[PDB]
Amino acid sequence: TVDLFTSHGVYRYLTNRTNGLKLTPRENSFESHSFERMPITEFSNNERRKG
Amino acid sequence: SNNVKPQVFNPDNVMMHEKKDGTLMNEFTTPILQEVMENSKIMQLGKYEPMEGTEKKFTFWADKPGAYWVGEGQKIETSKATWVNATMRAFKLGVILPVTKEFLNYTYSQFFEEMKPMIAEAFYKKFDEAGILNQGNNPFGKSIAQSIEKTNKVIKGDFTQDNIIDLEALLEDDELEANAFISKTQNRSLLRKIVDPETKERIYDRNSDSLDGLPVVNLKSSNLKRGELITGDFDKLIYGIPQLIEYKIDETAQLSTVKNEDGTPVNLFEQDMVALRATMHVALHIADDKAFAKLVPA
Amino acid sequence: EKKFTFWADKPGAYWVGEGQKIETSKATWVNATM
Amino acid sequence: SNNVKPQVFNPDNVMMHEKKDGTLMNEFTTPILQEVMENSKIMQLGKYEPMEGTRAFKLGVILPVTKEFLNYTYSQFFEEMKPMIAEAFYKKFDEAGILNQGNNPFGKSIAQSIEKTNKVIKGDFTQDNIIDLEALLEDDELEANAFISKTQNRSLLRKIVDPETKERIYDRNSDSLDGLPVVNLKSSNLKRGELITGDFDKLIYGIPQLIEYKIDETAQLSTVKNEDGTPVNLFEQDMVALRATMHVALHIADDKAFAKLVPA
């Protein structure tokens, strides 16, 4: 199951490796959110992101 | 010697900035790509399979236990399970383009950049024609046309609702259901005039390129004749790609499938030449030879 | 006057055994004017 | 290789640490510049022409070196040889453009211009013959810009004095004749008693590709045979080679602009 987060909403898909990860739309294929920028945030341990 | 005339090559595969008649090719108008590059139809229809090495192993169940009716206090009897194995291996595609560095400086600065999609097209076509039609020195001992030939799962006759439904029925005769059709674009003329005489429904959507509601894929190959149509449960066709296309460009190797006018092998360094190598690894496996059927004109 | 150049020959491609020689091929183009 | 006699090459162009007589150049002291560098004369006199693409022709050379030589005998060899190659190119170009020598690829040269227009003076160097040589140009409204000479004839030029001003017409310090600069050609083809002059702005040249250098440790030198006749493989034979290439173009805008003085 794939969730794709953009600055306006979430798109949701299904995939399998067998078919080559062809993203197929899903029940309630899109879901709006009220932020104005992509909601996921990444933190890095250092400049190189190494553990 | 101080021989200043341009070098003749055999075969004439080398790109050159100067012609042997003395014409010098400045101000070259870079050609524009007319068509659209074709995708691999196998990569479109088939099932992908991760494959790390040049070989892959599959194992499936084959036999299942029985059961028995037993009276009170009666001895319960035994039963047995069983499995079977299958395997697939990869093969390597490739080609080399040699280019004279004068050509690469004063005629076509982007030439190698413009060839990479044309190489990917030629590779995908080579793969499709090998796996689908068993053409072009198919390296695999496996192919759709070869499975159909060994099963004799062929219908003879004209494109008709009768024969196309019989063709699909030939798969559930083996408890398999058809998933798509492979056809030659020349023949949608024939499909675009076969109609069910009760319902007056047309079997073919001219609009959606669906035949009896299944999706149709067109081959650009010249081997598949107009009157021929192929169908199957393509989920039984497995393919793998251990090494996606790798390009490398080399300025110092020796070529040997190309010879100088005097017959000496072409040395890229000593002769001031550059050559572009492209390769790809691809693997193909038919999981069930019975899953494919073909319609052919009588 | 107008002039055009189009790709006409695609390069080929070869199946190559393990450690065998990769063979060469060439593209070509054709000129037209209208 | 394990060969205890050094490898004989044909042609014998490969640099080697061990001489044929078995002498080994260990701790070898670096050579020194016994002569100055000879700049290109047509690149000095002629008019540069901005040129894109190629008529041009390609000059080139390859220098193979035994890596023993490159390690023990002379480590900096390829860094110090680059300008000497550039001099070789300048000399080949000058000799082709001026004298029509050395299998010049162009159909154009000053020697051919003079041979076509027959603008030649038979005679010894005298003030009157120098004036006639210059007048051969000014006849056609063109004025001499410089002189080209074999340096070995300054001994002749010092013997000419203007009988009016009663002073040397040739300034041996300025190396200028009748107020015009004289350039010296070291090539062996221009003879002792020969002198050339012209309006060199009518000689045009271009250089689509400046001298490019590539060092390689892998190629095969088809042109250099081992003693057994097999081509030299740099990697297997532990060898290194430097490739140099250049593109030069030459054009003569008016072939009557050049005249030559030659012994009778």
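Neighbour counts are summed over all protein chains in view; Cβ atoms, including those assigned to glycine, are modelled from backbone coordinates with ideal geometry. Readers should treat all values here as calculations from the given coordinates under stated rules, not as data from a laboratory.
The table that follows gives values for the structure above.
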item	result
Residues satisfying the stated conditions in the stretch B:264-286, i.e. under 27 Å from the mean Cα position of the chain (by Cα), among the charged types (D, E, K, R) and within 14 Å of chain D (Cβ to nearest Cβ)	none
Subset of chain C that is in a strand (DSSP E or B) and of a type in the set (S, T, N, Q) - its residue that is surrounded by the fewest Cβ atoms within 10 Å (Cβ to Cβ)	C:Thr33
Some residue of the stretch B:38-55 being of a type outside the set (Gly, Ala, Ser) and within 20 Å of C:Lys26 (Cα to Cα)	yes
Residue in the stretch D:30-41 that is more than 14 Å from chain B (Cβ to nearest Cβ) and of a type in the set (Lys, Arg) present	yes
Some residue of the stretch B:208-219 being among the acidic types (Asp, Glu) and under 19 Å from B:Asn39 (Cα atoms)	yes
Scan of the stretch B:2-46 for residues that are under 19 Å from B:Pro265 (Cα atoms) and more than 33 Å from the chain's Cα centre (by Cα), ordered by number	B:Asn3, B:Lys5, B:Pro6, B:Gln7, B:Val8
Qualifying residue in the stretch D:64-75 (condition: closer than 17 Å to D:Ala249 by Cα, touching a strand residue (DSSP E or B) at 6+ places or on another chain (Cβ under 9 Å) and within 13 Å of chain B (Cβ to nearest Cβ))	no
Subset of the stretch C:9-29 [within 14 Å of B:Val14 (Cβ to Cβ), facing another protein chain (nearest Cβ under 8 Å) and of a type in the set (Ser, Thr, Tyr)]	C:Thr24, C:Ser25
Some residue of the stretch B:76-88 being of a type in the set (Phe, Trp, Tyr) and within 14 Å of chain C (Cβ to nearest Cβ)	no
Residue, surrounded by the most Cβ atoms within 10 Å (Cβ to Cβ), within the stretch D:237-263, restricted to residues that are touching an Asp or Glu at 6+ places or on another chain (Cβ under 9 Å), among the aliphatic types (A, V, I, L, M) and within 13 Å of another protein chain (Cβ to nearest Cβ)	D:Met239
Members of the stretch D:188-218 found to be surrounded by fewer than 16 Cβ atoms within 10 Å (Cβ to Cβ) and over 21 Å from D:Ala253 (Cβ atoms), listed by number	D:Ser188, D:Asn189, D:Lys191, D:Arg192, D:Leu210, D:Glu212, D:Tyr213, D:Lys214, D:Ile215, D:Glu217
Strands (runs of 3 or more DSSP E) lying entirely in the stretch D:192-252 (those with 1 or more residues that are more than 20 Å from the chain's Cα centre (by Cα) and farther than 30 Å from D:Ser155 by Cα)	D:203-216, D:220-226, D:231-233, D:239-252
Number of positions in the stretch B:259-293 that are out of contact with any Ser or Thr (no Cβ under 9 Å at 6 or more places or on another chain) and closer than 30 Å to B:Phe103 by Cβ	9
Sole residue being among the β-branched types (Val, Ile, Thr), crowded, with 21+ Cβ neighbours inside 10 Å and not in a loop (DSSP other than H, G, I, E, B), chosen from B:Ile165, B:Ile182	B:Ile182
So B:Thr257, is it in a loop (DSSP other than H, G, I, E, B) and either over 30 Å from B:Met51 (Cα atoms) or touching a helix residue (DSSP H, G or I) at 6+ places or on another chain (Cβ under 8 Å) (or both)	no
Residue in the stretch B:75-88 that is assigned to a strand (DSSP E or B), β-branched (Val, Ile, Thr) and under 30 Å from D:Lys214 (Cα atoms) present	no
Test: residue in the stretch B:46-57 that is within 14 Å of chain D (Cβ to nearest Cβ), hydroxyl-bearing (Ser, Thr, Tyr) and either in a strand (DSSP E or B) or more than 22 Å from B:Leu276 (Cα to Cα) (or both)	no
Qualifying residue in the stretch B:258-280 (condition: of a type in the set (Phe, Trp, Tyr) and under 30 Å from D:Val224 (Cβ atoms))	yes
The stretch B:161-174, residues that are touching a helix residue (DSSP H, G or I) at 6+ places or on another chain (Cβ under 9 Å) and under 25 Å from B:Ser189 (Cα atoms)	B:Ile164
Enumeration of residues in the stretch A:1-50 that are in a loop (DSSP other than H, G, I, E, B), exposed (fewer than 10 other Cβ atoms within 10 Å of the Cβ) and in contact with a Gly (Cβ under 7 Å, 6 or more places away or on another chain)	A:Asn45
Check on D:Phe57, surrounded by fewer than 20 Cβ atoms within 10 Å (Cβ to Cβ), over 10 Å from the mean Cα position of the chain (by Cα) and more than 23 Å from D:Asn145 (Cα to Cα)	yes
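Here is a yes/no grid of residues against (1) buried (at least 18 other Cβ atoms within 10 Å of the Cβ); (2) within 22 Å of B:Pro242 (Cα to Cα); (3) in contact with a helix residue (DSSP H, G or I) (Cβ under 6 Å, 6 or more places away or on another chain); (4) away from chain C (no Cβ under 14 Å):
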site	(1), (2), (3), (4)
B:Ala90	yes, yes, no, no
B:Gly94	yes, yes, no, no
B:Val99	yes, no, no, no
B:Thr107	yes, no, no, no
B:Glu114	no, no, no, no
B:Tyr124	yes, yes, no, no
B:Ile144	yes, yes, no, yes
B:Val154	no, no, no, yes
B:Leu176	yes, no, yes, yes
